[PDB]
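Enquirer: model the structure of this input:
(chains A, B, C, D and E)
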Amino acid sequence: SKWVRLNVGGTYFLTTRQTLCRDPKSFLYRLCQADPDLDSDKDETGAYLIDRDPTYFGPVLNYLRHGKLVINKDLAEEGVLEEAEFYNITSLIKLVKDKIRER
Amino acid sequence: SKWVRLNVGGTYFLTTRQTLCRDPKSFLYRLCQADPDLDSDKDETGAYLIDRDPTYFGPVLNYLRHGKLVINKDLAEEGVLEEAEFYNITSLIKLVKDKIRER
Amino acid sequence: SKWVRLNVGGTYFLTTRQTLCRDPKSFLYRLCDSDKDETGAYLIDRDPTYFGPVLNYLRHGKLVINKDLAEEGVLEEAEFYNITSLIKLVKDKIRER
Amino acid sequence: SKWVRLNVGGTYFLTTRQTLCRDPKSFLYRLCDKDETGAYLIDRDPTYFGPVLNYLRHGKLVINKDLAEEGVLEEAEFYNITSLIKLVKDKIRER
Amino acid sequence: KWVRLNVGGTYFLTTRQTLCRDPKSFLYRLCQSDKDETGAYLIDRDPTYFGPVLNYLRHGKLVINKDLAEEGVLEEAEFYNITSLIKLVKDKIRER
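Expert: Numbering: from 1, shown residues only, chains lettered A, B, ... in the order given. Sharing the structure here:
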């Protein structure tokens, strides 16, 4: 299964293992690996259930896709930070913290 | 049932009982207790029905998830305050009112 | 049931009869079948982004509008739904923007 | 059928024949290709459609602060609503 | 004629004519790849930045809302290899 569906707080995201496997130290890596104890946290669509805000997930997932932090002006950088911390993407945590500092 | 679906004013949110139990004094706490007389207040999908604005609920649920108050630049703090007061999350009410005051 | 579903311009809102019963002179008070869809939602040929602040006003009596939402859009809707007290509130926000 | 559903770029809008039969020169009139729900399919951006449909509803151009006027203009031109096109060009010209 | 795209979990409905606009693009193969059960082509990219890419294929203009990061649209224009769009976005960014 190249494709992986995530239900982040009620909103569906579609991605791949090429993307989710990019940071071995991230929570998302357990999804990359199809960690058997996450099996029960899937909904009827087979999507992994994640109890986080989907609006701040976009920039996190995009960072895994192309290595750039891109955040629209109408999205609080602080929200993305909280998500980068939760998913434990340390290079992204640093980028967001730096961005917040440059203000 | 670790996972709980809420239908807040027509928009679905997915979260866990743990997150909704975080403040035992709040409106939300009765859900995570599975309180009897919420039965007629669920829809066909099993979601608990709530007659409140889903857009202002975002920051409320996010506060329950990570303890930070995060509000995007275009979102009226007053909206979030009304919801925090409606759900009766006292530490959140304080955070929002502090946010408003520094304005 | 107490619960009432509205399809406003294609976007679904969920509310209760108690909320829609607020203003007996409003359009929405009639909701307090030819104009319902298969889900049982009442059909309304209006913009759903301007409806938010209207329905919230019915919920908690306050006028709350986000910084990017056009207040003129909300004014149109308040007049459309004929919520006299809300119309006034919006005419105020605009007087002194 | 009083009620008409439009699938604009994958996003559904609900409106009435009354609203769509407003300007007989418009693309939308020309329909007052459906998906399995009976919605008329339109290959255009739904995010810029709001102001167009609303203009048909109540004759006013209302564009939220976020939305690029140029996006609304492209739509007004595509749907061929000439008085709306004029209103949008005005808004752009006066920046 | 109609083509459905599942971009990062969000569906877009368009047409072969639109997706055919630039034969050199990644999208050109879809206007003649995995699909989900709905018949939509699966694309592992951000749907928010897709909007202006697809709009450009529809009417040839770069249209970017004020709050949308141009850099987001640039990444997508590059990913889909729409060379004329890549130039427009870069140009827009330079003129900042």
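Enquirer: the closest residue to residue A:49 other than its chain neighbours and residue A:64, how far apart?
Expert: The shortest distance from residue A:49 to any non-neighbouring residue, by CB to CB, 6 or more residues apart in numbering or on different chains, is to residue A:41 (4.5 Å). Just so you know, the C-beta spots here come from the backbone N, C-alpha and C atoms, and that holds for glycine as well. Distance, residue A:41 to residue A:64, using CB to CB, to the nearest Å: 20 Å.
Enquirer: when those two are compared, which one has more neighbours?
Expert: residue A:64 (21 against 17; other CB atoms under 10 Å in any protein chain shown).
Enquirer: quick check: which element contains the more buried one?
Expert: helix A:57-66 (DSSP states H and E).
Enquirer: is chain E contacted by that helix?
Expert: Yes. Counting by CB under 8 Å from any CB of the partner chain, chain E is contacted by helix A:57-66 at A:58, A:61, A:62, A:65, A:66.
Enquirer: residue A:74 in helix, strand or coil?
Expert: At residue A:74 the chain is in coil, as set by DSSP: H, G, I helix; E, B strand; the rest coil.
Enquirer: what residues does residue A:33 make contact with?
Expert: For residue A:33, the contacting residues are residue A:21, by CB atoms under 8 Å, 6 or more residues apart in numbering or on different chains.
Enquirer: torsion angles phi and psi at it?
Expert: phi -90, psi 0 (degrees, to the nearest 10).
Enquirer: which residues in chain A form strands?
Expert: A:3-8, A:11-16, A:48-50 (DSSP state E).
Enquirer: and the residue of chain A closest to chain B?
Expert: The minimum distance from chain A to chain B, using CB to the nearest CB, falls at residue A:10 (3.9 Å).
Enquirer: hang on, that residue packs against residue B:7?
Expert: No. With contact defined as CB atoms under 8 Å, residue A:10 does not reach residue B:7; the gap is 9.7 Å.
Enquirer: hmm, back to that, the strands of chain A: which one's closest to residue A:37?
Expert: Closest to residue A:37 of these is strand A:48-50 (CB to CB; 11.9 Å).
Enquirer: which strands or helices does that closest one pack on?
Expert: Identification of packing neighbours for strand A:48-50 by 3 or more CB pairs under 8 Å, 6 or more residues apart in numbering or on different chains; DSSP states H and E yields strand A:3-8.
Enquirer: tilt between the strand it packs on and strand B:11-16?
Expert: Going by axes from the mean of the first three to the mean of the last three CA atoms, to 10 degrees, strand A:3-8 is angled at 90 degrees with respect to strand B:11-16.
Enquirer: got the buried residues for strand A:3-8?
Expert: For strand A:3-8, the neighbour count (16 or more other CB atoms under 10 Å in any protein chain shown) marks A:4, A:5, A:6, A:7, A:8 as buried.
Enquirer: and chain B, which of the residues you listed contact it?
Expert: residue A:7.
Enquirer: does residue A:41 touch residue A:51 like I think?
Expert: No. Here residue A:41 does not reach residue A:51: they are 9.1 Å apart, not a contact under CB under 8 Å.
Enquirer: the lengthiest helix in chain A vs chain B: in contact?
Expert: The residue-count maximum for a helix in chain A (DSSP state H) belongs to helix A:90-102. No. Helix A:90-102 is not in contact with chain B by CB under 8 Å from any CB; minimum separation 12.1 Å.
Enquirer: show me which residues of chain A are close to chain B?
Expert: Checking chain A against chain B by CB under 8 Å from any CB, the hits are A:7, A:9-10, A:41, A:43, A:49, A:51-53, A:55-56, A:73-76, A:78-79, A:82, A:86.
Enquirer: hmm, which of those are the buried ones?
Expert: By neighbour count, with 16+ other CB under 10 Å, these hold A:7, A:9-10, A:41, A:49, A:51-53, A:55-56, A:74-76, A:79, A:82, A:86 as buried.
Enquirer: among those, which one sits closest to chain D?
Expert: residue A:74 (7.1 Å).
Enquirer: so what's the closest one up against?
Expert: Going by CB under 8 Å, 6+ apart, residue A:74 touches B:72, B:73, B:74, C:68, D:66, E:67.
Enquirer: cutoff 6 Å now
Expert: Contacts for residue A:74 (CB atoms under 6 Å, 6 or more residues apart in numbering or on different chains) come out as B:72, B:73, B:74, E:67.
Enquirer: repeat for residue A:32
Expert: Neighbour list for residue A:32: A:17, A:20, A:21 [criterion: CB under 6 Å, 6+ apart].
Enquirer: likewise for residue A:82?
Expert: Shown in contact with residue A:82 (CB under 6 Å, 6+ apart): B:66, B:68.
Enquirer: near chain E, which residues of chain A?
Expert: A:3, A:12-16, A:19, A:62, A:66, A:70, A:72-74 (CB under 6 Å from any CB of the partner chain).
Enquirer: rerun that using 10 Å as the cut-off
Expert: Listed as neighbours of chain E in chain A under the rule CB under 10 Å from any CB of the partner chain: A:2-8, A:11-20, A:45, A:47, A:54, A:58-59, A:61-62, A:64-75.
Enquirer: only whichever of the residues you listed are buried, select them in PyMOL.
Expert: A single PyMOL command is used to select the members of these judged buried by 16+ other CB under 10 Å:
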select buried, chain A and resi 4+5+6+7+8+11+12+13+14+15+16+17+19+20+47+54+58+59+61+62+64+65+66+69+70+71+72+74+75
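Enquirer: chain D: which of the contacts of residue A:32 is nearest?
Expert: Ranked by distance to chain D (CB to the nearest CB), the contacts of residue A:32 are led by residue A:20 at 25.1 Å.
Enquirer: OK, contacts around that closest one?
Expert: Neighbouring residues of residue A:20 by CB atoms under 10 Å, 6 or more residues apart in numbering or on different chains: A:4, A:6, A:26-33, A:48, A:61, A:64, E:44.
Enquirer: residues in chain A within reach of chain C, list them.
Expert: With CB under 10 Å from any CB as the criterion, chain A meets chain C at residues residue A:74.
Enquirer: how about whichever residue of chain A sits closest to chain C, nearest residue that isn't a chain neighbour?
Expert: The minimum distance from chain A to chain C, using CB to the nearest CB, falls at residue A:74 (7.5 Å). Using CB to CB, 6+ apart and skipping residues adjacent in sequence, the residue nearest residue A:74 is residue E:67, 4.0 Å away.
Enquirer: what is the neighbour count of residue A:95?
Expert: Counted with other CB under 10 Å, residue A:95 comes out at 21.
Enquirer: do you know how far it is from chain D?
Expert: For residue A:95, the distance to chain D equals 25 Å [CB to the nearest CB, to the nearest Å].
Enquirer: list the residues that contact that residue.
Expert: Per CB under 10 Å, 6+ apart, neighbours of residue A:95: A:59, A:63, A:67, A:68, A:69, A:71, A:77, A:80, A:81, A:84, A:89.
Enquirer: contact partners for residue A:31?
Expert: By CB under 10 Å, 6+ apart, residue A:31 lies in contact with A:4, A:6, A:15, A:17, A:20, A:21, A:38, A:41, A:48, A:50.
Enquirer: I figured the last one hits residue A:60, correct?
Expert: This means residue A:50. No. Residue A:50 is not in contact with residue A:60 according to CB atoms under 10 Å; the separation is 11.1 Å.
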